[PDB]
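Take a look at the structure set out below.
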Amino acid sequence: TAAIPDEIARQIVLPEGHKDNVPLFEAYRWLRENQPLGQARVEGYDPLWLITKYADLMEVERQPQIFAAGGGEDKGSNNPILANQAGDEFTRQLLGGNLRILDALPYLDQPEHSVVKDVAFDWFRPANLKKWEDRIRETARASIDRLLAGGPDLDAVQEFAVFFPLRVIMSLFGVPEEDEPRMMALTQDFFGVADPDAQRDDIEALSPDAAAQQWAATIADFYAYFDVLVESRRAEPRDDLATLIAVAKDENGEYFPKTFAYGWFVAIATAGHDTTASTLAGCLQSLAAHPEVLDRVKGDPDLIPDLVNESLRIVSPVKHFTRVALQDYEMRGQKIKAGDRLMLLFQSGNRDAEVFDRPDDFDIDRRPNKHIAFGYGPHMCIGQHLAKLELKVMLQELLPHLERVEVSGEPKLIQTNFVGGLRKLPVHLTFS
Ligand code: HEM
Ligand SMILES: OCc1ccccc1
Ligand SMILES: OCc1ccccc1
C-alpha cells in the first residue's frame with residue numbers, strides 16, 4: 001500500500017533514469033517481483049500507477065471507457081505522453097487550459113479516436129502494404145550498397161540504420177528527398193526533448209518546463225511545413241499518404257480540421273521511422289552478442305520474421321503512454337481512484353517472467369512471440385505492419401552480406417522515458 005521506493009520510481013519516471021538500460025530494466029524487474037502495481041510519487045510529477053505486468057497492460061488497454069488517453073469528455077485533460085507538472089502547466093498556458101497539443105491518435109478517446117483512425121486504417125493493413133514491398137526492397141538495397149561502399153567501421157545507427165526507414169516513410173508520405181535532413185533534425189528535437197545532446201537553441205534548456213517548450217517549438221516547426229503540404233494536396237491530389245490524410249472528409253462531407261492532418265503528419269514524420277531505425281540497430285547489437293543467431297538466420301531466411309519479433313520484444317523502443325482512470329477501479333488488490341494517472345510500461349510487460357520463459361534471453365524460437373512492443377487495445381500501433389515489413393525486407397537484403405557484427409565502441413541510448421533506443425552503435429562488420 002506504500003508508495004514505490006523513491007530510487008525505483010525515479011529510475012523509471014525521470015528521463016535521466018533511461019540513460020542506461022541496466023538499472024532501468026532492474027527497476028522494472030524489482031517492481032514486477034516486489035510491487036507489480038504501485039504508485040510512483042516523484043517530486044515534480046503527478047502520482048503514477050506504474051503498470052509493469054503484461055496482463056495488467058492488456059487489462060487497462062482493452063478498457064478505454066475506464067482508462068482514457070486524453071481525459072474522455074473533458075478533452076485534453078490528460079497528457080498521454082508523460083510531461084512533468086511544470087511542462088503540463090506550460091502547455092495549459094499555451095493552449096488555454098488543456099493538454100491536447102496535437103489532434104493525433106494518442107490524444108483521442110472513443111468515439112473521436114475511431115472516426116479519425118478510420119481515415120488511415122485500411123492503408124496500414126498488411127494486404128494494403130504489399131504494393132510497397134518491391135519499392136521498400138529497392139530502398140533497402142540502395143542503403144546496403146552505400147553500407148558496403150563505406151567500409152566495415154561505422155556507427156550502425158547514424159551512418160546506416162536511420163536513413164532507410166526515413167527514406168521509406170518520406171517516399172510513402174510524398175515528401176521530396178531534399179526535405180529529409182530537416183525531417184530528421186525535427187524528429188531528433190521531438191524525441192530528444194529531455195536529452196541534453198538534443199537541445200534546441202530556441203527554448204530555455206534548463207527551465208523546469210524545458211522539455212515541454214522543446215515539444216511545442218518542434219510541433220510549431222512541423223505545423224508551418226505541413227500547412228503548405230495540406231493546401232498543396234487539397235489543390236492537387238497525388239497517389240500518396242499525404243493526399244489520403246490531406247483530403248479526408250467527415251460523415252458530413254466537410255474536411256477534418258487541418259490540425260487533424262497536421263497530427264497524422266507529425267506522427268508519420270517521427271514515429272513513422274525512428275522506432276524502425278532503433279529496432280534495426282538493436283537487432284544488429286543482438287546479432288553481435290549472439291553470432292550463432294546470425295549463422296542460423298543466414299542458413300534459414302524464413303527465421304527473419306522470428307528475429308524481427310524477438311528484436312521488437314527486447315528493444316521495445318516505445319516505453320510508455322499514460323492513461324487516466326475515469327472511475328475508481330480495483331486491480332491486483334489495489335484501488336485506483338477516479339482521476340489517478342497510469343504509466344503503461346511496455347518494456348516491462350515484454351520482460352514479464354509469467355509470460356516469457358527466460359525473459360532477458362534473446363531467443364528467436366519463442367512461438368508464438370506474444371510481445372506487447374506495439375501496445376494493445378484501440379490505440380495499438382497503427383504502423384506495426386509497415387514497421388515489420390521494412391525490418392523483414394531490410395534483414396532479407398542485409399544478412400546475406402554480413403558474416404559477423406562486432407560492437408567496437410560504447411553504445412549510447414537516447415535519454416528519454418518515451419521513445420528511445422540506440423542513438424549510437426559503433427561496429428566493425430565482416431562482409432561475406
Ligand atoms: C518498431 C516500430 C514501432 C514500434 C515498436 C511502435 C510502438 C508503438 C506503441 C507501443 C504504441 C502505443 C500503443 C498503445 O497506446 O497501446 C504506438 C502507437 C502509434 N504508432 Fe507505433 N510503433 C512503431 C512504428 C510505427 C510506425 C512505422 C508508424 C507509422 C507509420 C507508427 C505510428 C503510430 C501511431 C500513429 C500511434 C498512435 C496510435 C493510437 O494512439 O491509436 N508506429 N506505437
Ligand atoms: O509509435 C509511437 C508514437 C506514435 C505517435 C506519436 C509519437 C510516438
Ligand atoms: O490497431 C492496429 C492496426 C494496425 C494497422 C491497421 C489497422 C489497425
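Both ligands and their constituent atoms are indexed starting at 1 by order of listing. The chain is numbered in sequence order, starting from 1.
- Taking a 4.0 Å cut-off on heavy atoms, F124 registers as neighbouring ligand 1.
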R32 and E354: salt bridge (charged side-chain N to carboxylate O under 4.0 Å, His left out), yes or no, with the steps?
CA-CA 10 Å; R32 284 198 309 283; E354 262 190 284; over 6 Å; no

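- Listed by chain and number, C381 SG are the protein N/O/S atoms closer than 2.8 Å to atom 21 (Fe) of ligand 1, with waters left out.
- Residue contacts with ligand 3 for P378 are absent, since no atom lies close enough (heavy atoms, distance under 4.0 Å).
- Not one N or O of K117 is nearer than 3.5 Å to an N or O of ligand 1, by distance alone.
- When heavy-atom distances to ligand 1 are checked against a 4.0 Å cut-off, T279 comes that close only through its side chain, counted from C-beta outward.
- The side-chain tip of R146 does not point at the ring of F163 from less than 6.0 angstrom away and within 45° of straight on.
- Ranking protein heavy atoms by distance to atom 4 (C) of ligand 3, first place goes to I382 O, 3.5 Å.
- Under 4.0 angstrom from ligand 1, the non-hydrogen atoms of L312 all belong to its side chain.
- Closest to atom 8 (C) of ligand 3, if we only count protein heavy atoms, is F121 CE1, 3.5 Å.
- Residue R323 has at least one N or O atom closer than 3.5 Å to an N or O atom of ligand 1.
- Remark: distances from the non-hydrogen atoms of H273 to ligand 1 are all 4.0 Å or more.
- In terms of the side chain to side chain contact (heavy atoms under 4.5 Å, CB included) criterion, residue partners of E16 (sequence neighbours excluded) are, by chain and number, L14, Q415.
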